[PDB]
Structure formats: structure tokens, C-alpha cells
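Colleague: Sharing protein.pdb below, PDB, N, CA, C and O atoms:
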ATOM      1  N   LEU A1039       0.828  -1.198   0.000  1.00  0.00           N
ATOM      2  CA  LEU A1039       0.000   0.000   0.000  1.00  0.00           C
ATOM      3  C   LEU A1039       0.866   1.254   0.000  1.00  0.00           C
ATOM      4  O   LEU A1039       0.515   2.263  -0.620  1.00  0.00           O
ATOM      5  N   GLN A1040       2.007   1.206   0.693  1.00  0.00           N
ATOM      6  CA  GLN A1040       2.948   2.319   0.648  1.00  0.00           C
ATOM      7  C   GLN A1040       3.474   2.528  -0.766  1.00  0.00           C
ATOM      8  O   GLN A1040       3.614   3.666  -1.224  1.00  0.00           O
ATOM      9  N   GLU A1041       3.781   1.437  -1.466  1.00  0.00           N
ATOM     10  CA  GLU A1041       4.170   1.547  -2.867  1.00  0.00           C
ATOM     11  C   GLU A1041       3.062   2.185  -3.695  1.00  0.00           C
ATOM     12  O   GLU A1041       3.337   2.990  -4.594  1.00  0.00           O
ATOM     13  N   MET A1042       1.807   1.832  -3.411  1.00  0.00           N
ATOM     14  CA  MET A1042       0.688   2.471  -4.097  1.00  0.00           C
ATOM     15  C   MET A1042       0.662   3.970  -3.841  1.00  0.00           C
ATOM     16  O   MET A1042       0.469   4.763  -4.769  1.00  0.00           O
ATOM     17  N   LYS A1043       0.837   4.376  -2.587  1.00  0.00           N
ATOM     18  CA  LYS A1043       0.898   5.804  -2.296  1.00  0.00           C
ATOM     19  C   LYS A1043       2.072   6.452  -3.017  1.00  0.00           C
ATOM     20  O   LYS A1043       1.986   7.614  -3.425  1.00  0.00           O
ATOM     21  N   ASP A1044       3.168   5.710  -3.181  1.00  0.00           N
ATOM     22  CA  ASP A1044       4.345   6.244  -3.859  1.00  0.00           C
ATOM     23  C   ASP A1044       4.060   6.511  -5.333  1.00  0.00           C
ATOM     24  O   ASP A1044       4.343   7.601  -5.842  1.00  0.00           O
ATOM     25  N   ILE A1045       3.500   5.523  -6.038  1.00  0.00           N
ATOM     26  CA  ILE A1045       3.241   5.709  -7.465  1.00  0.00           C
ATOM     27  C   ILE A1045       2.299   6.882  -7.687  1.00  0.00           C
ATOM     28  O   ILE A1045       2.374   7.564  -8.717  1.00  0.00           O
ATOM     29  N   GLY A1046       1.402   7.136  -6.739  1.00  0.00           N
ATOM     30  CA  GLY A1046       0.586   8.335  -6.757  1.00  0.00           C
ATOM     31  C   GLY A1046      -0.311   8.471  -7.970  1.00  0.00           C
ATOM     32  O   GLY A1046      -0.415   9.557  -8.549  1.00  0.00           O
ATOM     33  N   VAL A1047      -0.967   7.383  -8.363  1.00  0.00           N
ATOM     34  CA  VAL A1047      -1.923   7.391  -9.463  1.00  0.00           C
ATOM     35  C   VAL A1047      -3.249   6.861  -8.941  1.00  0.00           C
ATOM     36  O   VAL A1047      -3.295   5.787  -8.331  1.00  0.00           O
ATOM     37  N   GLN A1048      -4.323   7.617  -9.169  1.00  0.00           N
ATOM     38  CA  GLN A1048      -5.644   7.159  -8.750  1.00  0.00           C
ATOM     39  C   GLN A1048      -5.995   5.842  -9.429  1.00  0.00           C
ATOM     40  O   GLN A1048      -6.443   4.893  -8.775  1.00  0.00           O
ATOM     41  N   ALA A1049      -5.781   5.765 -10.741  1.00  0.00           N
ATOM     42  CA  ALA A1049      -5.955   4.534 -11.508  1.00  0.00           C
ATOM     43  C   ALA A1049      -7.242   3.810 -11.116  1.00  0.00           C
ATOM     44  O   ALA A1049      -7.243   2.623 -10.788  1.00  0.00           O
ATOM     45  N   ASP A1050      -8.350   4.545 -11.136  1.00  0.00           N
ATOM     46  CA  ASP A1050      -9.640   3.919 -10.904  1.00  0.00           C
ATOM     47  C   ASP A1050     -10.000   3.020 -12.084  1.00  0.00           C
ATOM     48  O   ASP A1050      -9.662   3.299 -13.237  1.00  0.00           O
ATOM     49  N   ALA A1051     -10.695   1.921 -11.781  1.00  0.00           N
ATOM     50  CA  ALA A1051     -11.058   0.974 -12.830  1.00  0.00           C
ATOM     51  C   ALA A1051     -11.866   1.654 -13.925  1.00  0.00           C
ATOM     52  O   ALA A1051     -11.549   1.530 -15.116  1.00  0.00           O
ATOM     53  N   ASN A1052     -12.912   2.383 -13.539  1.00  0.00           N
ATOM     54  CA  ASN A1052     -13.654   3.173 -14.512  1.00  0.00           C
ATOM     55  C   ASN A1052     -12.742   4.198 -15.172  1.00  0.00           C
ATOM     56  O   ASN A1052     -12.755   4.364 -16.398  1.00  0.00           O
ATOM     57  N   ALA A1053     -11.927   4.885 -14.370  1.00  0.00           N
ATOM     58  CA  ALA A1053     -10.968   5.821 -14.935  1.00  0.00           C
ATOM     59  C   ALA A1053      -9.980   5.122 -15.849  1.00  0.00           C
ATOM     60  O   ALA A1053      -9.624   5.675 -16.888  1.00  0.00           O
ATOM     61  N   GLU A1054      -9.555   3.908 -15.501  1.00  0.00           N
ATOM     62  CA  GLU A1054      -8.621   3.178 -16.349  1.00  0.00           C
ATOM     63  C   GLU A1054      -9.230   2.877 -17.711  1.00  0.00           C
ATOM     64  O   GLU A1054      -8.629   3.166 -18.753  1.00  0.00           O
ATOM     65  N   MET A1055     -10.417   2.272 -17.723  1.00  0.00           N
ATOM     66  CA  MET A1055     -11.039   1.928 -18.996  1.00  0.00           C
ATOM     67  C   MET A1055     -11.303   3.178 -19.827  1.00  0.00           C
ATOM     68  O   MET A1055     -10.959   3.237 -21.016  1.00  0.00           O
ATOM     69  N   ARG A1056     -11.896   4.202 -19.208  1.00  0.00           N
ATOM     70  CA  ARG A1056     -12.159   5.437 -19.934  1.00  0.00           C
ATOM     71  C   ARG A1056     -10.873   6.017 -20.504  1.00  0.00           C
ATOM     72  O   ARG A1056     -10.820   6.405 -21.678  1.00  0.00           O
ATOM     73  N   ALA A1057      -9.828   6.109 -19.680  1.00  0.00           N
ATOM     74  CA  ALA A1057      -8.593   6.743 -20.113  1.00  0.00           C
ATOM     75  C   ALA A1057      -7.962   5.982 -21.267  1.00  0.00           C
ATOM     76  O   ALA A1057      -7.520   6.584 -22.251  1.00  0.00           O
ATOM     77  N   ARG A1058      -7.893   4.653 -21.165  1.00  0.00           N
ATOM     78  CA  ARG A1058      -7.283   3.896 -22.251  1.00  0.00           C
ATOM     79  C   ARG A1058      -8.079   4.086 -23.532  1.00  0.00           C
ATOM     80  O   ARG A1058      -7.504   4.270 -24.612  1.00  0.00           O
ATOM     81  N   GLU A1059      -9.411   4.082 -23.430  1.00  0.00           N
ATOM     82  CA  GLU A1059     -10.233   4.305 -24.615  1.00  0.00           C
ATOM     83  C   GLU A1059      -9.925   5.655 -25.253  1.00  0.00           C
ATOM     84  O   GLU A1059      -9.664   5.741 -26.463  1.00  0.00           O
ATOM     85  N   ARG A1060      -9.951   6.727 -24.454  1.00  0.00           N
ATOM     86  CA  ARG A1060      -9.741   8.062 -25.008  1.00  0.00           C
ATOM     87  C   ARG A1060      -8.350   8.199 -25.612  1.00  0.00           C
ATOM     88  O   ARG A1060      -8.184   8.759 -26.701  1.00  0.00           O
ATOM     89  N   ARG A1061      -7.330   7.708 -24.917  1.00  0.00           N
ATOM     90  CA  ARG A1061      -5.979   7.901 -25.425  1.00  0.00           C
ATOM     91  C   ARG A1061      -5.736   7.050 -26.667  1.00  0.00           C
ATOM     92  O   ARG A1061      -5.013   7.470 -27.577  1.00  0.00           O
ATOM     93  N   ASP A1062      -6.357   5.871 -26.747  1.00  0.00           N
ATOM     94  CA  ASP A1062      -6.214   5.051 -27.945  1.00  0.00           C
ATOM     95  C   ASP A1062      -6.910   5.688 -29.141  1.00  0.00           C
ATOM     96  O   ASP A1062      -6.380   5.669 -30.264  1.00  0.00           O
ATOM     97  N   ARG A1063      -8.106   6.245 -28.935  1.00  0.00           N
ATOM     98  CA  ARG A1063      -8.763   6.937 -30.040  1.00  0.00           C
ATOM     99  C   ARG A1063      -7.959   8.168 -30.449  1.00  0.00           C
ATOM    100  O   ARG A1063      -7.893   8.514 -31.634  1.00  0.00           O
ATOM    101  N   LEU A1064      -7.307   8.823 -29.485  1.00  0.00           N
ATOM    102  CA  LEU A1064      -6.378   9.897 -29.831  1.00  0.00           C
ATOM    103  C   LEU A1064      -5.242   9.381 -30.706  1.00  0.00           C
ATOM    104  O   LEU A1064      -4.864  10.022 -31.692  1.00  0.00           O
ATOM    105  N   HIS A1065      -4.663   8.236 -30.342  1.00  0.00           N
ATOM    106  CA  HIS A1065      -3.578   7.658 -31.130  1.00  0.00           C
ATOM    107  C   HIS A1065      -4.012   7.429 -32.573  1.00  0.00           C
ATOM    108  O   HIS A1065      -3.326   7.833 -33.524  1.00  0.00           O
ATOM    109  N   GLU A1066      -5.150   6.755 -32.754  1.00  0.00           N
ATOM    110  CA  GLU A1066      -5.600   6.452 -34.109  1.00  0.00           C
ATOM    111  C   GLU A1066      -5.929   7.729 -34.874  1.00  0.00           C
ATOM    112  O   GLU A1066      -5.633   7.836 -36.072  1.00  0.00           O
ATOM    113  N   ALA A1067      -6.541   8.710 -34.206  1.00  0.00           N
ATOM    114  CA  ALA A1067      -6.837   9.973 -34.870  1.00  0.00           C
ATOM    115  C   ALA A1067      -5.556  10.647 -35.336  1.00  0.00           C
ATOM    116  O   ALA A1067      -5.484  11.169 -36.452  1.00  0.00           O
ATOM    117  N   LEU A1068      -4.531  10.645 -34.484  1.00  0.00           N
ATOM    118  CA  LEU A1068      -3.241  11.207 -34.863  1.00  0.00           C
ATOM    119  C   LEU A1068      -2.681  10.517 -36.095  1.00  0.00           C
ATOM    120  O   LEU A1068      -2.231  11.171 -37.044  1.00  0.00           O
ATOM    121  N   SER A1069      -2.665   9.184 -36.079  1.00  0.00           N
ATOM    122  CA  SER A1069      -2.108   8.445 -37.206  1.00  0.00           C
ATOM    123  C   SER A1069      -2.858   8.780 -38.490  1.00  0.00           C
ATOM    124  O   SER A1069      -2.251   8.999 -39.547  1.00  0.00           O
ATOM    125  N   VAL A1070      -4.187   8.833 -38.410  1.00  0.00           N
ATOM    126  CA  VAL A1070      -4.990   9.111 -39.596  1.00  0.00           C
ATOM    127  C   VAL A1070      -4.732  10.527 -40.100  1.00  0.00           C
ATOM    128  O   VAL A1070      -4.644  10.762 -41.311  1.00  0.00           O
ATOM    129  N   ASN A1071      -4.622  11.496 -39.188  1.00  0.00           N
ATOM    130  CA  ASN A1071      -4.336  12.867 -39.600  1.00  0.00           C
ATOM    131  C   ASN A1071      -2.979  12.957 -40.283  1.00  0.00           C
ATOM    132  O   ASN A1071      -2.820  13.658 -41.289  1.00  0.00           O
ATOM    133  N   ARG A1072      -1.982  12.258 -39.741  1.00  0.00           N
ATOM    134  CA  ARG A1072      -0.668  12.245 -40.374  1.00  0.00           C
ATOM    135  C   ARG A1072      -0.740  11.635 -41.768  1.00  0.00           C
ATOM    136  O   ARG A1072      -0.095  12.125 -42.704  1.00  0.00           O
ATOM    137  N   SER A1073      -1.509  10.556 -41.922  1.00  0.00           N
ATOM    138  CA  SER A1073      -1.671   9.957 -43.243  1.00  0.00           C
ATOM    139  C   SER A1073      -2.328  10.935 -44.212  1.00  0.00           C
ATOM    140  O   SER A1073      -1.923  11.036 -45.378  1.00  0.00           O
ATOM    141  N   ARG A1074      -3.350  11.658 -43.750  1.00  0.00           N
ATOM    142  CA  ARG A1074      -3.987  12.669 -44.591  1.00  0.00           C
ATOM    143  C   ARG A1074      -2.977  13.727 -45.013  1.00  0.00           C
ATOM    144  O   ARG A1074      -2.951  14.162 -46.171  1.00  0.00           O
ATOM    145  N   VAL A1075      -2.153  14.171 -44.064  1.00  0.00           N
ATOM    146  CA  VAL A1075      -1.138  15.176 -44.361  1.00  0.00           C
ATOM    147  C   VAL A1075      -0.189  14.664 -45.434  1.00  0.00           C
ATOM    148  O   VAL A1075       0.153  15.384 -46.381  1.00  0.00           O
ATOM    149  N   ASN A1076       0.249  13.413 -45.302  1.00  0.00           N
ATOM    150  CA  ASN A1076       1.141  12.836 -46.301  1.00  0.00           C
ATOM    151  C   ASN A1076       0.471  12.783 -47.669  1.00  0.00           C
ATOM    152  O   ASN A1076       1.094  13.097 -48.690  1.00  0.00           O
ATOM    153  N   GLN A1077      -0.802  12.385 -47.706  1.00  0.00           N
ATOM    154  CA  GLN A1077      -1.518  12.305 -48.976  1.00  0.00           C
ATOM    155  C   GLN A1077      -1.597  13.672 -49.645  1.00  0.00           C
ATOM    156  O   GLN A1077      -1.321  13.812 -50.845  1.00  0.00           O
ATOM    157  N   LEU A1078      -1.972  14.695 -48.880  1.00  0.00           N
ATOM    158  CA  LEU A1078      -2.075  16.036 -49.447  1.00  0.00           C
ATOM    159  C   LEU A1078      -0.715  16.538 -49.919  1.00  0.00           C
ATOM    160  O   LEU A1078      -0.611  17.184 -50.970  1.00  0.00           O
ATOM    161  N   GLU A1079       0.341  16.252 -49.154  1.00  0.00           N
ATOM    162  CA  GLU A1079       1.675  16.679 -49.558  1.00  0.00           C
ATOM    163  C   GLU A1079       2.090  16.015 -50.864  1.00  0.00           C
ATOM    164  O   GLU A1079       2.677  16.660 -51.742  1.00  0.00           O
ATOM    165  N   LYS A1080       1.802  14.722 -51.010  1.00  0.00           N
ATOM    166  CA  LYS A1080       2.115  14.042 -52.261  1.00  0.00           C
ATOM    167  C   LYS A1080       1.320  14.631 -53.418  1.00  0.00           C
ATOM    168  O   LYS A1080       1.842  14.775 -54.531  1.00  0.00           O
ATOM    169  N   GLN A1081       0.053  14.970 -53.180  1.00  0.00           N
ATOM    170  CA  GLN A1081      -0.743  15.609 -54.225  1.00  0.00           C
ATOM    171  C   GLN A1081      -0.105  16.923 -54.662  1.00  0.00           C
ATOM    172  O   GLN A1081      -0.016  17.223 -55.859  1.00  0.00           O
ATOM    173  N   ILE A1082       0.350  17.721 -53.696  1.00  0.00           N
ATOM    174  CA  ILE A1082       0.974  19.002 -54.015  1.00  0.00           C
ATOM    175  C   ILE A1082       2.269  18.787 -54.791  1.00  0.00           C
ATOM    176  O   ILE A1082       2.583  19.534 -55.729  1.00  0.00           O
ATOM    177  N   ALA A1083       3.051  17.777 -54.403  1.00  0.00           N
ATOM    178  CA  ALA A1083       4.275  17.473 -55.136  1.00  0.00           C
ATOM    179  C   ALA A1083       3.965  17.083 -56.576  1.00  0.00           C
ATOM    180  O   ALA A1083       4.672  17.489 -57.507  1.00  0.00           O
ATOM    181  N   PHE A1084       2.913  16.287 -56.774  1.00  0.00           N
ATOM    182  CA  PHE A1084       2.502  15.933 -58.127  1.00  0.00           C
ATOM    183  C   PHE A1084       2.116  17.175 -58.916  1.00  0.00           C
ATOM    184  O   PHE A1084       2.455  17.302 -60.100  1.00  0.00           O
ATOM    185  N   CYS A1085       1.393  18.095 -58.278  1.00  0.00           N
ATOM    186  CA  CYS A1085       1.021  19.335 -58.951  1.00  0.00           C
ATOM    187  C   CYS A1085       2.261  20.102 -59.395  1.00  0.00           C
ATOM    188  O   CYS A1085       2.326  20.599 -60.526  1.00  0.00           O
ATOM    189  N   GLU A1086       3.260  20.207 -58.514  1.00  0.00           N
ATOM    190  CA  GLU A1086       4.490  20.906 -58.881  1.00  0.00           C
ATOM    191  C   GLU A1086       5.183  20.222 -60.052  1.00  0.00           C
ATOM    192  O   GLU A1086       5.654  20.886 -60.987  1.00  0.00           O
ATOM    193  N   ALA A1087       5.284  18.894 -60.001  1.00  0.00           N
ATOM    194  CA  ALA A1087       5.961  18.172 -61.070  1.00  0.00           C
ATOM    195  C   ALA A1087       5.260  18.397 -62.400  1.00  0.00           C
ATOM    196  O   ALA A1087       5.910  18.635 -63.424  1.00  0.00           O
TER     197      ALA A1087
END
Show me the file's structure as C-alpha cells.
Modeller:
Amino acid sequence: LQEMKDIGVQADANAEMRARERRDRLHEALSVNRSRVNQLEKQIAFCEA
């Protein structure tokens, strides 16, 4: 229990599930946005060529 107080994270079960869900959807959103950025950049490069 002292180690638990040391780590200092509430880590509630409901909080755990919610947090993992939100951060994972953030991860996928980031990846998709980066892919969109790459696609648009390639389109612009094609336009220049």
C-alpha cells in the first residue's frame, strides 16, 4: 500500500477503462491525420511536377 501511495496514481477501474479508450482513439486519430497530411503533400508534389 505504501508503494501504491508512492506511485501516486488514482488509476480507478472506470478511470482506467475510460482513459485507455480516449488515449487510444487519440492515437488512431493522430495516425490518420498524419496519413492525410502525407496524402495532401504528395498531391501538391505531383502538382508541382
Colleague: Assuming 8 Å of padding per side, give the centre and edge lengths of the axis-aligned box around every listed atom of stretch 1052-1069 of chain A, in Å to one decimal and as AutoDock Vina command-line options.
Modeller:
--center_x -7.9 --center_y 6.6 --center_z -26.5 --size_x 27.5 --size_y 25.3 --size_z 42.0
Colleague: Would you work out the distance separating atom CA of residue A:1062 from atom CA of residue A:1043, expressed in Å to one decimal?
Modeller: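 Result for atom CA of residue A:1062 versus atom CA of residue A:1043: 26.6 Å, one decimal.
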Colleague: Tell me, in Å to one decimal, how far atom CA of residue A:1087 is from atom CA of residue A:1074.
Modeller: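 Atom-to-atom, atom CA of residue A:1087 and atom CA of residue A:1074 are spaced 20.0 Å apart.
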Colleague: Provide the atom CA of residue A:1064 to atom CA of residue A:1049 distance in Å, to one decimal place.
Modeller: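 If I compute the distance from atom CA of residue A:1064 to atom CA of residue A:1049, I get 19.1 Å.
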